[PDB]
$ cat protein05.txt   # compact mmCIF, C-alpha atoms
# COMPACT_ATOMS: atom_id res chain seq x y z
CA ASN V 23 50.96 19.22 15.27
CA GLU V 24 49.72 16.10 13.34
CA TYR V 25 53.04 15.40 11.44
CA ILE V 26 55.12 15.36 14.70
CA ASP V 27 52.69 12.83 16.30
CA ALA V 28 52.91 10.74 13.09
CA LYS V 29 56.77 11.04 13.15
CA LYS V 30 56.71 9.73 16.80
CA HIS V 31 54.82 6.59 15.57
CA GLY V 32 57.40 5.79 12.80
CA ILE V 33 55.68 7.61 9.85
CA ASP V 34 58.00 9.42 7.35
CA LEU V 35 56.39 10.63 4.07
CA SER V 36 59.83 10.90 2.32
CA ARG V 37 60.15 7.07 2.84
CA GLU V 38 56.52 6.15 1.85
CA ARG V 39 56.14 4.12 -1.40
CA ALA V 40 54.47 6.37 -4.04
CA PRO V 41 50.69 6.17 -4.46
CA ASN V 42 49.46 3.86 -7.23
CA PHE V 43 47.83 6.47 -9.57
CA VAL V 44 47.79 7.43 -13.30
CA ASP V 45 47.72 10.82 -15.00
CA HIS V 46 44.44 10.71 -17.00
CA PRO V 47 44.39 12.22 -20.52
CA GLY V 48 42.43 15.50 -20.91
CA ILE V 49 42.63 16.67 -17.25
CA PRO V 50 45.52 18.38 -15.40
CA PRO V 51 47.86 16.14 -13.38
CA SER V 52 47.35 16.05 -9.59
CA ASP V 53 50.22 17.92 -7.83
CA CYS V 54 49.75 16.41 -4.28
CA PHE V 55 50.18 12.93 -2.74
CA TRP V 56 48.07 11.93 0.28
CA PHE V 57 48.72 9.00 2.64
CA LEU V 58 45.93 7.59 4.85
CA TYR V 59 46.61 5.79 8.17
CA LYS V 60 44.48 3.91 10.74
CA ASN V 61 46.28 3.71 14.15
CA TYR V 62 49.42 4.93 12.23
CA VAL V 63 49.33 2.00 9.70
CA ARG V 64 49.13 3.07 6.02
CA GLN V 65 45.76 1.87 4.57
CA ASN V 66 46.05 3.64 1.19
CA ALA V 67 47.54 6.59 -0.71
CA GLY V 68 46.41 8.69 -3.66
CA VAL V 69 46.83 12.02 -5.47
CA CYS V 70 44.78 15.24 -5.28
CA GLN V 71 44.89 18.85 -6.53
CA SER V 72 46.49 21.65 -4.48
CA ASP V 73 44.27 24.62 -3.38
CA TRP V 74 41.10 22.49 -3.63
CA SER V 75 39.10 19.73 -1.88
CA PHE V 76 37.90 16.21 -2.48
CA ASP V 77 35.41 13.90 -0.78
CA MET V 78 36.54 10.45 0.38
CA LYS V 79 35.58 7.44 2.44
CA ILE V 80 37.75 7.32 5.61
CA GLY V 81 36.75 4.27 7.70
CA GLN V 82 32.91 4.27 7.62
CA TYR V 83 32.60 8.09 7.02
CA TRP V 84 32.25 10.27 3.91
CA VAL V 85 34.47 13.33 4.66
CA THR V 86 35.75 16.45 2.81
CA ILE V 87 39.56 16.77 2.68
CA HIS V 88 40.77 20.38 2.08
CA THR V 89 44.12 20.66 0.22
CA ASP V 90 45.94 24.04 0.54
CA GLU V 91 48.46 25.41 -2.08
CA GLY V 92 51.31 23.47 -0.29
CA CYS V 93 49.38 20.11 -0.30
CA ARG V 94 48.65 20.38 3.47
CA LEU V 95 45.43 18.48 4.28
CA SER V 96 42.65 19.55 6.70
CA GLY V 97 39.12 18.30 7.49
CA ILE V 98 37.12 16.38 10.11
CA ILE V 99 38.31 12.76 10.07
CA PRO V 100 37.19 9.81 12.20
CA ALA V 101 39.07 8.89 15.42
CA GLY V 102 42.17 6.69 14.82
CA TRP V 103 42.59 7.89 11.20
CA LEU V 104 45.25 10.28 9.89
CA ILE V 105 45.71 11.75 6.41
CA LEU V 106 48.93 13.56 5.38
CA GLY V 107 49.68 15.47 2.17
CA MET V 108 52.93 16.42 0.35
CA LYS V 109 53.88 17.91 -3.04
CA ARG V 110 54.16 15.25 -5.75
CA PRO V 111 57.87 15.22 -6.74
CA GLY V 112 58.48 17.75 -9.56
CA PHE V 113 55.43 19.94 -8.67
CA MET M 2 29.67 20.20 -16.54
CA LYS M 3 33.16 19.68 -14.90
CA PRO M 4 34.97 16.29 -15.25
CA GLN M 5 34.89 14.30 -11.93
CA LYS M 6 37.47 11.72 -10.77
CA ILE M 7 35.38 8.86 -9.24
CA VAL M 8 37.17 6.08 -7.29
CA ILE M 9 35.23 2.83 -6.71
CA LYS M 10 36.63 0.22 -4.29
CA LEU M 11 36.21 -3.34 -5.59
CA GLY M 12 35.92 -5.86 -2.75
CA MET M 13 38.56 -8.61 -3.19
CA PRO M 14 38.76 -8.36 -7.00
CA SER M 15 40.38 -11.10 -9.15
CA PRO M 16 42.59 -9.73 -11.98
CA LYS M 17 39.64 -10.69 -14.30
CA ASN M 18 37.21 -8.56 -12.17
CA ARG M 19 39.58 -5.53 -12.47
CA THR M 20 39.75 -5.89 -16.30
CA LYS M 21 35.98 -6.43 -16.64
CA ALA M 22 35.30 -3.42 -14.37
CA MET M 23 37.58 -1.17 -16.51
CA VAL M 24 35.87 -2.25 -19.76
CA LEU M 25 32.27 -1.70 -18.47
CA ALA M 26 33.23 1.68 -16.93
CA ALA M 27 34.95 2.74 -20.21
CA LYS M 28 31.76 1.98 -22.22
CA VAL M 29 29.56 4.21 -19.95
CA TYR M 30 28.55 7.51 -21.69
CA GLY M 31 30.56 10.44 -20.25
CA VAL M 32 33.56 8.31 -19.14
CA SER M 33 36.78 9.67 -20.80
CA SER M 34 39.31 7.57 -18.77
CA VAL M 35 39.58 4.41 -16.55
CA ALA M 36 42.39 2.95 -14.40
CA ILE M 37 43.08 0.48 -11.56
CA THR M 38 44.57 2.42 -8.58
CA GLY M 39 45.27 2.15 -4.82
CA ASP M 40 47.83 0.44 -2.59
CA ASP M 41 46.03 -2.94 -3.11
CA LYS M 42 45.19 -2.41 -6.84
CA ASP M 43 41.49 -2.81 -5.80
CA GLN M 44 40.16 0.58 -7.06
CA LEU M 45 38.45 1.38 -10.37
CA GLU M 46 39.13 5.06 -11.07
CA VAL M 47 36.85 6.76 -13.64
CA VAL M 48 37.08 10.27 -15.11
CA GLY M 49 33.89 11.54 -16.76
CA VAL M 50 31.48 14.43 -17.31
CA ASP M 51 27.94 13.99 -15.85
CA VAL M 52 28.43 10.20 -15.11
CA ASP M 53 25.60 8.51 -13.16
CA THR M 54 27.92 7.07 -10.45
CA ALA M 55 25.02 5.20 -8.73
CA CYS M 56 24.37 3.39 -12.10
CA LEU M 57 28.10 2.67 -12.72
CA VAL M 58 28.30 1.09 -9.20
CA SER M 59 25.01 -0.80 -9.73
CA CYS M 60 26.36 -2.13 -13.09
CA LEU M 61 29.65 -3.30 -11.44
CA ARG M 62 27.56 -5.00 -8.67
CA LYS M 63 25.28 -7.01 -11.08
CA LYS M 64 27.96 -7.86 -13.73
CA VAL M 65 31.39 -8.04 -11.99
CA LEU M 66 31.34 -8.62 -8.14
CA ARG M 67 29.01 -8.02 -5.11
CA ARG M 68 31.33 -5.42 -3.42
CA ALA M 69 31.70 -2.06 -5.24
CA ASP M 70 31.60 1.29 -3.29
CA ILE M 71 32.48 4.89 -4.20
CA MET M 72 35.46 5.89 -1.98
CA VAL M 73 36.61 9.20 -3.68
CA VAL M 74 35.01 12.04 -5.68
CA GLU M 75 37.25 14.96 -6.80
CA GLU M 76 36.11 17.58 -9.34
CA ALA M 77 38.92 18.13 -11.95
CA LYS M 78 40.19 21.78 -12.19
CA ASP M 79 40.54 23.14 -15.78
$ encode --input "protein05.txt" --output "structure tokens"
Amino acid sequence: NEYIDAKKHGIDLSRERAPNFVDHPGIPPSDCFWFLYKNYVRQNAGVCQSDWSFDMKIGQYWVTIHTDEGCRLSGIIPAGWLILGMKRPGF
Amino acid sequence: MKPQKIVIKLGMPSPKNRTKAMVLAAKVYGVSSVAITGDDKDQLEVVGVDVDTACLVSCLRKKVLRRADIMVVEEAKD
């Protein structure tokens, strides 16, 4: 499991500072947070939509991240990188 | 047809570069929203319908700073 490995290396999503994001006018708010790590060090964080996917640059690679209805993330990501999802508080 | 969320990483942006990037992005046809985002406040985030992202990036590169790269694309759900 990818969260247990992350927990072993001192990562705790409940203690991560919130992503720096805005809710844009005229589109639905994103209901998931994601946190991106290289060798278990947070590089960035953002928001995404549950039950959906997005494309993002992880290291040197363009990759699809799949987001299930519980904000759990899946996809093929480059060695040394880790991306973890959670429900945005209130959603 | 669907609005896209486009995130562009600015390489080592001054505050002035962030502001200038938001203004130019906002004036592009199809752009409905702009923001500065990311842990390092180094991302221009654009929402738009049918935006030429290659031309937004190219515009940031000639007018604001050398380093601008798409890092996220997410289609908005309705």
$ residues_around --input "protein05.txt" --residues "region 24-37 of chain M" --least-positions-apart "3" --cutoff "10 Å" --atoms "all atoms listed in the file" --output "VMD selection string"
(chain V and resid 42 to 49) or (chain M and resid 4 to 11 18 to 21 41 to 54 56 to 58 60 to 61 64 to 65)
$ closest_residue --input "protein05.txt" --among "V:40, V:78, V:73, V:33" --to "chain M" --atoms "all atoms listed in the file"
V:78
$ interface_residues --input "protein05.txt" --of "chain V" --to "chain M" --cutoff "12 Å" --atoms "only C-alpha atoms" --output "ChimeraX atom specification"
/V:38-53,56-58,64-89
$ write_last_selection --input "protein05.txt" --atoms "C-alpha atoms" --output "mmCIF file, keeping the file's coordinate frame"
data_model
loop_
_atom_site.group_PDB
_atom_site.id
_atom_site.type_symbol
_atom_site.label_atom_id
_atom_site.label_comp_id
_atom_site.auth_asym_id
_atom_site.auth_seq_id
_atom_site.Cartn_x
_atom_site.Cartn_y
_atom_site.Cartn_z
ATOM 1 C CA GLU V 38 56.520 6.150 1.850
ATOM 2 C CA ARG V 39 56.140 4.120 -1.400
ATOM 3 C CA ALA V 40 54.470 6.370 -4.040
ATOM 4 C CA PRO V 41 50.690 6.170 -4.460
ATOM 5 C CA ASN V 42 49.460 3.860 -7.230
ATOM 6 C CA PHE V 43 47.830 6.470 -9.570
ATOM 7 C CA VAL V 44 47.790 7.430 -13.300
ATOM 8 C CA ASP V 45 47.720 10.820 -15.000
ATOM 9 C CA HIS V 46 44.440 10.710 -17.000
ATOM 10 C CA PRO V 47 44.390 12.220 -20.520
ATOM 11 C CA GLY V 48 42.430 15.500 -20.910
ATOM 12 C CA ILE V 49 42.630 16.670 -17.250
ATOM 13 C CA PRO V 50 45.520 18.380 -15.400
ATOM 14 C CA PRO V 51 47.860 16.140 -13.380
ATOM 15 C CA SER V 52 47.350 16.050 -9.590
ATOM 16 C CA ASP V 53 50.220 17.920 -7.830
ATOM 17 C CA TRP V 56 48.070 11.930 0.280
ATOM 18 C CA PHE V 57 48.720 9.000 2.640
ATOM 19 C CA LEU V 58 45.930 7.590 4.850
ATOM 20 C CA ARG V 64 49.130 3.070 6.020
ATOM 21 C CA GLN V 65 45.760 1.870 4.570
ATOM 22 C CA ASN V 66 46.050 3.640 1.190
ATOM 23 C CA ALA V 67 47.540 6.590 -0.710
ATOM 24 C CA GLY V 68 46.410 8.690 -3.660
ATOM 25 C CA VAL V 69 46.830 12.020 -5.470
ATOM 26 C CA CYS V 70 44.780 15.240 -5.280
ATOM 27 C CA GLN V 71 44.890 18.850 -6.530
ATOM 28 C CA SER V 72 46.490 21.650 -4.480
ATOM 29 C CA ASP V 73 44.270 24.620 -3.380
ATOM 30 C CA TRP V 74 41.100 22.490 -3.630
ATOM 31 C CA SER V 75 39.100 19.730 -1.880
ATOM 32 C CA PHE V 76 37.900 16.210 -2.480
ATOM 33 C CA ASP V 77 35.410 13.900 -0.780
ATOM 34 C CA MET V 78 36.540 10.450 0.380
ATOM 35 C CA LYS V 79 35.580 7.440 2.440
ATOM 36 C CA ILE V 80 37.750 7.320 5.610
ATOM 37 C CA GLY V 81 36.750 4.270 7.700
ATOM 38 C CA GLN V 82 32.910 4.270 7.620
ATOM 39 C CA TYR V 83 32.600 8.090 7.020
ATOM 40 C CA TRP V 84 32.250 10.270 3.910
ATOM 41 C CA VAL V 85 34.470 13.330 4.660
ATOM 42 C CA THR V 86 35.750 16.450 2.810
ATOM 43 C CA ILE V 87 39.560 16.770 2.680
ATOM 44 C CA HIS V 88 40.770 20.380 2.080
ATOM 45 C CA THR V 89 44.120 20.660 0.220
#
$ closest_residue --input "protein05.txt" --among "V:111, V:63, V:94, V:37" --to "residue 24 (chain V)" --atoms "all atoms listed in the file"
V:94
$ atom_distance --input "protein05.txt" --atom1 "CA of residue 12 (chain M)" --atom2 "CA of residue 69 (chain M)"
6.2 Å
$ axis_aligned_box --input "protein05.txt" --around "region 33-52 of chain V" --padding-each-side "3 Å" --output "JSON"
{"center_x": 51.3, "center_y": 11.1, "center_z": -5.5, "size_x": 23.7, "size_y": 20.5, "size_z": 36.8}
$ atom_distance --input "protein05.txt" --atom1 "CA of residue 23 (chain V)" --atom2 "CA of residue 54 (chain V)"
19.8 Å
$ closest_residue --input "protein05.txt" --among "V:55, V:62, V:105, V:29" --to "residue 92 (chain V)" --atoms "all atoms listed in the file"
V:55
$ atom_distance --input "protein05.txt" --atom1 "CA of residue 66 (chain M)" --atom2 "CA of residue 15 (chain M)"
9.4 Å
$ decode --input "protein05.txt" --residues "region 83-102 of chain V" --atoms "N, CA and C atoms" --output "PDB file, in the first residue's frame"
ATOM      1  N   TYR V  83       7.886  13.984 -16.867  1.00  0.00           N
ATOM      2  CA  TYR V  83       6.865  13.160 -17.561  1.00  0.00           C
ATOM      3  C   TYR V  83       5.460  13.785 -17.469  1.00  0.00           C
ATOM      4  N   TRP V  84       4.801  13.820 -18.609  1.00  0.00           N
ATOM      5  CA  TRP V  84       3.349  14.064 -18.714  1.00  0.00           C
ATOM      6  C   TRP V  84       2.631  12.765 -18.398  1.00  0.00           C
ATOM      7  N   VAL V  85       1.724  12.766 -17.436  1.00  0.00           N
ATOM      8  CA  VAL V  85       1.091  11.536 -16.886  1.00  0.00           C
ATOM      9  C   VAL V  85      -0.394  11.813 -16.637  1.00  0.00           C
ATOM     10  N   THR V  86      -1.252  10.828 -16.783  1.00  0.00           N
ATOM     11  CA  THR V  86      -2.672  10.896 -16.381  1.00  0.00           C
ATOM     12  C   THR V  86      -2.785  10.409 -14.940  1.00  0.00           C
ATOM     13  N   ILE V  87      -3.364  11.238 -14.084  1.00  0.00           N
ATOM     14  CA  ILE V  87      -3.807  10.856 -12.727  1.00  0.00           C
ATOM     15  C   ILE V  87      -5.304  10.568 -12.751  1.00  0.00           C
ATOM     16  N   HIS V  88      -5.688   9.357 -12.360  1.00  0.00           N
ATOM     17  CA  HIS V  88      -7.117   8.957 -12.180  1.00  0.00           C
ATOM     18  C   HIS V  88      -7.528   9.231 -10.729  1.00  0.00           C
ATOM     19  N   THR V  89      -8.658   9.883 -10.557  1.00  0.00           N
ATOM     20  CA  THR V  89      -9.231  10.241  -9.236  1.00  0.00           C
ATOM     21  C   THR V  89     -10.547   9.493  -9.068  1.00  0.00           C
ATOM     22  N   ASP V  90     -10.647   8.582  -8.112  1.00  0.00           N
ATOM     23  CA  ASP V  90     -11.903   7.813  -7.912  1.00  0.00           C
ATOM     24  C   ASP V  90     -12.849   8.665  -7.049  1.00  0.00           C
ATOM     25  N   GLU V  91     -14.044   8.148  -6.705  1.00  0.00           N
ATOM     26  CA  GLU V  91     -15.131   8.934  -6.055  1.00  0.00           C
ATOM     27  C   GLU V  91     -14.697   9.331  -4.635  1.00  0.00           C
ATOM     28  N   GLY V  92     -13.731   8.619  -4.041  1.00  0.00           N
ATOM     29  CA  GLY V  92     -13.164   8.920  -2.714  1.00  0.00           C
ATOM     30  C   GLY V  92     -11.867   9.721  -2.783  1.00  0.00           C
ATOM     31  N   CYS V  93     -11.510  10.276  -3.928  1.00  0.00           N
ATOM     32  CA  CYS V  93     -10.276  11.103  -4.102  1.00  0.00           C
ATOM     33  C   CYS V  93      -9.012  10.248  -4.033  1.00  0.00           C
ATOM     34  N   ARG V  94      -9.116   8.938  -4.196  1.00  0.00           N
ATOM     35  CA  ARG V  94      -7.913   8.068  -4.265  1.00  0.00           C
ATOM     36  C   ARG V  94      -7.334   8.139  -5.679  1.00  0.00           C
ATOM     37  N   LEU V  95      -6.028   8.358  -5.751  1.00  0.00           N
ATOM     38  CA  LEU V  95      -5.299   8.645  -6.997  1.00  0.00           C
ATOM     39  C   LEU V  95      -4.646   7.375  -7.510  1.00  0.00           C
ATOM     40  N   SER V  96      -4.624   7.206  -8.824  1.00  0.00           N
ATOM     41  CA  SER V  96      -3.948   6.070  -9.495  1.00  0.00           C
ATOM     42  C   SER V  96      -3.426   6.540 -10.840  1.00  0.00           C
ATOM     43  N   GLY V  97      -2.403   5.875 -11.361  1.00  0.00           N
ATOM     44  CA  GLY V  97      -1.763   6.221 -12.641  1.00  0.00           C
ATOM     45  C   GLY V  97      -0.301   5.836 -12.650  1.00  0.00           C
ATOM     46  N   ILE V  98       0.367   5.967 -13.781  1.00  0.00           N
ATOM     47  CA  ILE V  98       1.758   5.471 -13.900  1.00  0.00           C
ATOM     48  C   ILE V  98       2.657   6.652 -13.605  1.00  0.00           C
ATOM     49  N   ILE V  99       3.345   6.682 -12.470  1.00  0.00           N
ATOM     50  CA  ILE V  99       4.146   7.906 -12.206  1.00  0.00           C
ATOM     51  C   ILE V  99       5.614   7.549 -12.118  1.00  0.00           C
ATOM     52  N   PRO V 100       6.499   8.495 -12.470  1.00  0.00           N
ATOM     53  CA  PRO V 100       7.928   8.228 -12.535  1.00  0.00           C
ATOM     54  C   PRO V 100       8.497   7.805 -11.174  1.00  0.00           C
ATOM     55  N   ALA V 101       9.535   6.970 -11.227  1.00  0.00           N
ATOM     56  CA  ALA V 101      10.269   6.442 -10.061  1.00  0.00           C
ATOM     57  C   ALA V 101      10.647   7.610  -9.148  1.00  0.00           C
ATOM     58  N   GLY V 102      10.425   7.447  -7.842  1.00  0.00           N
ATOM     59  CA  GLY V 102      10.840   8.403  -6.802  1.00  0.00           C
ATOM     60  C   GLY V 102       9.731   9.390  -6.490  1.00  0.00           C
TER      61      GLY V 102
END
